[PDB]
Structures are given as structure tokens and as C-alpha cells.
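Enquirer: This is the content of start.cif (mmCIF, C-alpha atoms):
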data_final
#
loop_
_atom_site.label_atom_id
_atom_site.label_comp_id
_atom_site.auth_asym_id
_atom_site.auth_seq_id
_atom_site.Cartn_x
_atom_site.Cartn_y
_atom_site.Cartn_z
CA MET A 1 25.71 -6.11 6.10
CA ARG A 2 22.69 -5.97 8.58
CA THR A 3 19.09 -7.15 7.64
CA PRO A 4 15.84 -6.96 10.04
CA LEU A 5 14.66 -10.61 10.93
CA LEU A 6 12.43 -9.97 14.07
CA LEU A 7 11.08 -6.56 12.75
CA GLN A 8 10.08 -8.30 9.41
CA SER A 9 8.06 -10.99 11.42
CA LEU A 10 6.41 -8.18 13.61
CA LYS A 11 5.39 -6.25 10.31
CA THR A 12 3.81 -9.38 8.57
CA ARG A 13 1.68 -10.18 11.80
CA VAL A 14 0.27 -6.50 11.52
CA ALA A 15 -0.61 -6.77 7.67
CA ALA A 16 -2.00 -10.34 8.51
CA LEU A 17 -4.26 -8.68 11.29
CA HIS A 18 -5.27 -5.82 8.78
CA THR A 19 -6.83 -8.39 6.22
CA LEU A 20 -8.79 -10.13 9.17
CA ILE A 21 -9.97 -6.54 10.29
CA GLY A 22 -10.25 -5.51 6.54
CA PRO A 23 -13.73 -5.85 4.58
CA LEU A 24 -15.51 -5.94 8.12
CA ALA A 25 -14.94 -2.07 8.85
CA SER A 26 -16.43 -0.88 5.39
CA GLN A 27 -19.89 -2.38 6.44
CA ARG A 28 -21.78 -2.78 9.89
CA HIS A 29 -19.76 -5.53 11.79
CA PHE A 30 -18.68 -6.20 15.49
CA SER A 31 -14.73 -6.28 15.74
CA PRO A 32 -13.21 -6.40 19.46
CA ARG A 33 -9.51 -6.97 18.17
CA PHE A 34 -8.87 -3.30 16.97
CA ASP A 35 -5.38 -2.36 18.39
CA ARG A 36 -5.74 1.46 18.86
CA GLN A 37 -2.68 1.65 21.29
CA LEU A 38 -0.12 1.40 18.35
CA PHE A 39 -2.33 3.41 15.79
CA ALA A 40 -3.17 7.14 15.22
CA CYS A 41 -6.62 7.66 13.59
CA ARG A 42 -10.38 7.30 14.58
CA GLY A 43 -10.70 3.83 12.79
CA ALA A 44 -14.33 2.59 12.04
CA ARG A 45 -13.70 2.19 8.21
CA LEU A 46 -11.06 0.69 5.64
CA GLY A 47 -10.77 4.39 4.34
CA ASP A 48 -8.68 5.76 7.36
CA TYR A 49 -6.23 2.75 7.37
CA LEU A 50 -5.74 3.07 3.51
CA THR A 51 -4.96 6.87 3.92
CA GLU A 52 -2.32 6.01 6.68
CA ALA A 53 -0.88 3.19 4.42
CA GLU A 54 -0.59 5.60 1.34
CA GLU A 55 1.12 8.26 3.71
CA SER A 56 3.63 5.60 5.20
CA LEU A 57 4.74 4.56 1.58
CA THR A 58 5.24 8.35 0.61
CA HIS A 59 7.32 9.19 3.88
CA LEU A 60 9.86 6.21 3.35
CA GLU A 61 10.17 7.35 -0.40
CA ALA A 62 11.30 10.89 0.85
CA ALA A 63 14.25 9.18 2.81
CA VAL A 64 15.11 7.32 -0.54
CA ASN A 65 15.68 10.95 -2.00
CA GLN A 66 18.26 11.44 0.95
CA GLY A 67 20.17 8.37 -0.51
CA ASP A 68 20.16 5.48 2.07
CA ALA A 69 20.49 2.10 0.20
CA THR A 70 19.83 0.18 3.55
CA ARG A 71 16.28 1.93 3.90
CA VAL A 72 15.55 0.97 0.16
CA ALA A 73 16.48 -2.78 0.68
CA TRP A 74 14.53 -2.89 4.08
CA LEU A 75 11.44 -1.46 2.19
CA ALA A 76 12.13 -3.95 -0.81
CA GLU A 77 12.02 -6.99 1.71
CA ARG A 78 8.85 -5.43 3.44
CA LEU A 79 7.28 -4.97 -0.13
CA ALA A 80 7.82 -8.75 -1.13
CA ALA A 81 6.48 -10.05 2.35
CA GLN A 82 3.30 -7.81 2.03
CA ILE A 83 2.72 -9.18 -1.61
CA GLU A 84 2.37 -12.82 -0.13
CA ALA A 85 0.16 -11.73 2.88
CA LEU A 86 -2.26 -9.20 1.10
CA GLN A 87 -2.61 -10.59 -2.53
CA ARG A 88 -3.23 -14.24 -1.21
CA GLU A 89 -5.57 -13.41 1.91
CA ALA A 90 -7.66 -11.03 -0.40
CA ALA A 91 -7.65 -13.95 -3.09
CA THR A 92 -9.43 -16.58 -0.76
CA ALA A 93 -11.67 -13.70 0.68
CA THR A 94 -13.09 -12.94 -2.94
CA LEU A 95 -14.61 -16.53 -3.01
CA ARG A 96 -17.06 -15.99 -0.04
CA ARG A 97 -17.58 -12.54 -1.83
CA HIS A 98 -18.36 -13.82 -5.40
CA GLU A 99 -21.86 -14.91 -4.04
CA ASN A 100 -24.29 -12.31 -2.41
CA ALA A 101 -21.51 -10.13 -0.88
CA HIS A 102 -19.85 -9.25 -4.33
CA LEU A 103 -21.52 -5.69 -4.79
CA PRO A 104 -20.56 -4.17 -1.11
CA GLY A 105 -17.17 -6.07 -1.30
CA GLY A 106 -15.64 -6.83 -4.72
CA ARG A 107 -14.31 -3.43 -6.08
CA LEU A 108 -12.49 -2.82 -2.62
CA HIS A 109 -10.44 -6.08 -3.25
CA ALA A 110 -9.34 -4.46 -6.64
CA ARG A 111 -8.02 -1.35 -4.63
CA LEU A 112 -6.32 -3.50 -1.83
CA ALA A 113 -4.54 -6.24 -4.08
CA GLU A 114 -4.51 -4.95 -7.83
CA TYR A 115 -3.58 -1.22 -7.04
CA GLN A 116 -0.68 -2.23 -4.58
CA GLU A 117 0.83 -4.18 -7.71
CA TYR A 118 0.71 -0.92 -9.97
CA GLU A 119 2.35 1.20 -7.09
CA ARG A 120 5.22 -1.50 -6.81
CA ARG A 121 6.43 -1.02 -10.56
CA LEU A 122 6.39 2.91 -10.47
CA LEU A 123 8.51 2.40 -7.23
CA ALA A 124 10.87 -0.11 -9.14
CA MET A 125 11.69 2.65 -11.80
CA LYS A 126 12.66 5.04 -8.84
CA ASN A 127 14.88 2.22 -7.17
CA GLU A 128 16.90 0.86 -10.32
CA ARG A 129 17.64 4.43 -11.76
CA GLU A 130 18.85 5.68 -8.23
CA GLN A 131 21.47 2.72 -7.80
CA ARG A 132 23.46 3.16 -11.17
CA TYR A 133 23.18 7.04 -11.13
CA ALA A 134 24.11 7.12 -7.24
CA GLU A 135 27.77 6.49 -8.46
CA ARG A 136 27.61 9.89 -10.47
CA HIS A 137 26.07 11.98 -7.41
CA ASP A 138 24.74 14.83 -9.73
CA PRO A 139 21.37 16.96 -8.88
CA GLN A 140 19.70 15.83 -12.32
CA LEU A 141 18.71 12.30 -11.01
CA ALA A 142 17.11 13.92 -7.81
CA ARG A 143 14.72 15.91 -10.18
CA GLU A 144 13.89 12.49 -12.07
CA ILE A 145 12.96 10.29 -8.84
CA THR A 146 10.96 13.34 -7.40
CA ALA A 147 9.02 13.63 -10.86
CA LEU A 148 8.05 9.81 -10.72
CA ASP A 149 7.07 10.31 -6.92
CA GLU A 150 4.48 13.04 -7.92
CA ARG A 151 2.98 10.74 -10.75
CA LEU A 152 2.44 7.79 -8.23
CA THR A 153 0.38 10.26 -6.00
CA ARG A 154 -1.47 12.16 -8.92
CA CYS A 155 -2.54 8.95 -10.88
CA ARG A 156 -3.84 7.04 -7.71
CA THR A 157 -6.05 10.01 -6.27
CA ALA A 158 -7.70 11.03 -9.70
CA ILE A 159 -8.57 7.34 -10.62
CA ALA A 160 -10.00 6.62 -6.99
CA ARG A 161 -12.53 9.67 -7.22
CA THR A 162 -13.91 8.46 -10.72
CA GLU A 163 -14.24 4.80 -9.32
CA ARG A 164 -16.37 6.10 -6.23
CA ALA A 165 -18.99 7.76 -8.58
CA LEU A 166 -19.16 4.43 -10.68
CA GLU A 167 -19.96 2.48 -7.36
CA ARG A 168 -23.02 4.81 -6.67
CA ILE A 169 -24.88 4.39 -10.10
CA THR A 170 -24.12 0.59 -10.20
CA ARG A 171 -27.90 0.04 -9.86
#
Take the structure in this file and express it as C-alpha cells.

Expert:
Amino acid sequence: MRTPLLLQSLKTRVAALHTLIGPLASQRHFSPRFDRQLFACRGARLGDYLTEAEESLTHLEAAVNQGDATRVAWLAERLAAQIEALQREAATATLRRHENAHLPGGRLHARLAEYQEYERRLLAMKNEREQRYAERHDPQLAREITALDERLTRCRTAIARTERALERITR
């Protein structure tokens, strides 16, 4: 059995940099530490990095439907490491933003930390059902993981559009 040790440390330093380059790009701030050499996007907002993060979760899920248990476990270890880095750095960041900053940065912290927790359980239902039914190798289980994959994408997009309209008539 082979597990990534150096690649896991490289990935946590990137999600650690993302929270320090996070609430600053949604408003008018000066950030010189944007690493555009390893990224593909225009990048002057949290919106373009969230759209690349939603698309990277959906591409690794497609390989899960091929049936590699090593790519599932690698993503499971990357999911637990990102829980510690994003939920905790967003948790101390909401205390300087519970003051005057709370209206232009308060509901974004709910999308970053609280909505990554709801995406993790819909993903858990896809992972546990694929392990025990992998031993049977029939096409019926491939229709069931694919059906839960469509619900993770349909529930997150429809709820985000209704939350944007609620942010505009706040006052």
C-alpha cells in the first residue's frame, strides 16, 4: 500500500495560502502574493477560485465512477486535511469580521466553511455504497453514484443564486 506524504504537505500549503488570499479579493485590497504561474483563471475575486474548486471536486468524482479505490482514499485524506485548514482559519477570521466588516464578509464564510461540510456527507454516501457493491461489479450501482453526483451539483447552484438576491436587499 502507497500513500502521498510530500504531495499532502504541498496541497495544505496551497489551501493555507487561499484563506490568506481569501476575503481580500471579494473587496478592494492590495495582494502581491497571487501565484498565477500554477493557476488557470483571471483571478481578482473569490468567485473564480470557488468555480475552479467546485470543478476540481467534480473531475476527481468522475474517476471514482471508473473504480479506483486508491484515488478515493487519496481524496479522503485531502478532504480531512482541508477540514482542519479551512474550517479553523475561517473560524478566527469571523472574529475581526463580527465588528464593522460583518455585512461585506460574513455570508461568504458560510459558503467557504459550512457548505464544504454539506458537500462532504453527500460524497460519503457515494464512497461507502461503492466499496461493498464494488465486490458485485453490476451496472445498477453506477446509475446510483451518478444520480447522487447530479444532486450535489443541482442543490449547490440553485441555493447559491437565491442567497445572492438576499445579499442585495439586506438594507

Enquirer: Which residues are close to residue A:122, i.e. within 8 Å by all atoms listed in the file, leaving aside same-chain residues fewer than 4 positions away? Reply as a PyMOL selection string.

Expert: chain A and resi 118+126+148+152

Enquirer: How would the residues just chosen look if you wrote them out with C-alpha atoms as a CSV table (one decimal), in the frame of the given file?

Expert:
chain,number,residue,atom,x,y,z
A,118,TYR,CA,0.7,-0.9,-10.0
A,126,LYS,CA,12.7,5.0,-8.8
A,148,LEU,CA,8.0,9.8,-10.7
A,152,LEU,CA,2.4,7.8,-8.2

Enquirer: Ranking A:58, A:106, A:132, A:84 by minimum distance to residue A:119 and counting all atoms listed in the file, which one comes first?

Expert: A:58

Enquirer: Please provide as a list in words all residues within 12 Å of residue A:21, with the sequence filter that same-chain residues fewer than 2 positions apart are discarded (counting all atoms listed in the file).

Expert: residues 14, 15, 16, 17, 18, 19, 23, 24, 25, 26, 27, 29, 30, 31, 32, 33, 34, 35, 43, 44, 45, 46, 49, 89 and 90 of chain A

Enquirer: The selected residues should be written to file as a short mmCIF file (atom, residue, chain, number, x, y, z; two decimals), in the coordinates of the input (atoms: C-alpha atoms).

Expert:
data_model
loop_
_atom_site.label_atom_id
_atom_site.label_comp_id
_atom_site.auth_asym_id
_atom_site.auth_seq_id
_atom_site.Cartn_x
_atom_site.Cartn_y
_atom_site.Cartn_z
CA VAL A 14 0.27 -6.50 11.52
CA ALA A 15 -0.61 -6.77 7.67
CA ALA A 16 -2.00 -10.34 8.51
CA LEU A 17 -4.26 -8.68 11.29
CA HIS A 18 -5.27 -5.82 8.78
CA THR A 19 -6.83 -8.39 6.22
CA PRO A 23 -13.73 -5.85 4.58
CA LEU A 24 -15.51 -5.94 8.12
CA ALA A 25 -14.94 -2.07 8.85
CA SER A 26 -16.43 -0.88 5.39
CA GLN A 27 -19.89 -2.38 6.44
CA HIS A 29 -19.76 -5.53 11.79
CA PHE A 30 -18.68 -6.20 15.49
CA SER A 31 -14.73 -6.28 15.74
CA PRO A 32 -13.21 -6.40 19.46
CA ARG A 33 -9.51 -6.97 18.17
CA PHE A 34 -8.87 -3.30 16.97
CA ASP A 35 -5.38 -2.36 18.39
CA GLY A 43 -10.70 3.83 12.79
CA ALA A 44 -14.33 2.59 12.04
CA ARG A 45 -13.70 2.19 8.21
CA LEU A 46 -11.06 0.69 5.64
CA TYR A 49 -6.23 2.75 7.37
CA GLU A 89 -5.57 -13.41 1.91
CA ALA A 90 -7.66 -11.03 -0.40
#

Enquirer: List the residues matched by the PyMOL selection byres ((chain A and resi 145) around 12) in the displayed structure as number ranges by chain, ordered by chain and then by residue number.

Expert: A: 61-67, 122-131, 133-134, 139-144, 146-152

Enquirer: Could you turn the residues from that selection into a file that holds C-alpha atoms, as a PDB file, keeping the file's coordinate frame?

Expert:
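Output file selection.pdb is given in full below:
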ATOM      1  CA  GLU A  61      10.170   7.350  -0.400  1.00  0.00           C
ATOM      2  CA  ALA A  62      11.300  10.890   0.850  1.00  0.00           C
ATOM      3  CA  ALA A  63      14.250   9.180   2.810  1.00  0.00           C
ATOM      4  CA  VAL A  64      15.110   7.320  -0.540  1.00  0.00           C
ATOM      5  CA  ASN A  65      15.680  10.950  -2.000  1.00  0.00           C
ATOM      6  CA  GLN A  66      18.260  11.440   0.950  1.00  0.00           C
ATOM      7  CA  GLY A  67      20.170   8.370  -0.510  1.00  0.00           C
ATOM      8  CA  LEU A 122       6.390   2.910 -10.470  1.00  0.00           C
ATOM      9  CA  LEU A 123       8.510   2.400  -7.230  1.00  0.00           C
ATOM     10  CA  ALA A 124      10.870  -0.110  -9.140  1.00  0.00           C
ATOM     11  CA  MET A 125      11.690   2.650 -11.800  1.00  0.00           C
ATOM     12  CA  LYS A 126      12.660   5.040  -8.840  1.00  0.00           C
ATOM     13  CA  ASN A 127      14.880   2.220  -7.170  1.00  0.00           C
ATOM     14  CA  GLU A 128      16.900   0.860 -10.320  1.00  0.00           C
ATOM     15  CA  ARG A 129      17.640   4.430 -11.760  1.00  0.00           C
ATOM     16  CA  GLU A 130      18.850   5.680  -8.230  1.00  0.00           C
ATOM     17  CA  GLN A 131      21.470   2.720  -7.800  1.00  0.00           C
ATOM     18  CA  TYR A 133      23.180   7.040 -11.130  1.00  0.00           C
ATOM     19  CA  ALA A 134      24.110   7.120  -7.240  1.00  0.00           C
ATOM     20  CA  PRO A 139      21.370  16.960  -8.880  1.00  0.00           C
ATOM     21  CA  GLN A 140      19.700  15.830 -12.320  1.00  0.00           C
ATOM     22  CA  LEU A 141      18.710  12.300 -11.010  1.00  0.00           C
ATOM     23  CA  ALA A 142      17.110  13.920  -7.810  1.00  0.00           C
ATOM     24  CA  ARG A 143      14.720  15.910 -10.180  1.00  0.00           C
ATOM     25  CA  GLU A 144      13.890  12.490 -12.070  1.00  0.00           C
ATOM     26  CA  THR A 146      10.960  13.340  -7.400  1.00  0.00           C
ATOM     27  CA  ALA A 147       9.020  13.630 -10.860  1.00  0.00           C
ATOM     28  CA  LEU A 148       8.050   9.810 -10.720  1.00  0.00           C
ATOM     29  CA  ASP A 149       7.070  10.310  -6.920  1.00  0.00           C
ATOM     30  CA  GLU A 150       4.480  13.040  -7.920  1.00  0.00           C
ATOM     31  CA  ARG A 151       2.980  10.740 -10.750  1.00  0.00           C
ATOM     32  CA  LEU A 152       2.440   7.790  -8.230  1.00  0.00           C
TER      33      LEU A 152
END

Enquirer: If the PyMOL selection byres ((chain A and resi 103) around 12) were run on this exact file, what residues would it hold? Put them as an NGL selection string.

Expert: :A and (27 or 94 or 97-102 or 104-109 or 166-171)

Enquirer: Interatomic distance between atom CA of residue A:9 and atom CA of residue A:81?

Expert: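 Here the two named atoms are 9.3 Å from each other.
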
Enquirer: Report, in Å with one decimal, the straight-line distance from atom CA of residue A:52 to atom CA of residue A:39.

Expert: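 Taking atom CA of residue A:52 as the start and atom CA of residue A:39 as the end point, the length is 9.5 Å.
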
Enquirer: Quick check, in Å to one decimal: how far apart do atom CA of residue A:55 and atom CA of residue A:156 lie?

Expert: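 Interatomic distance, atom CA of residue A:55 to atom CA of residue A:156: 12.5 Å.
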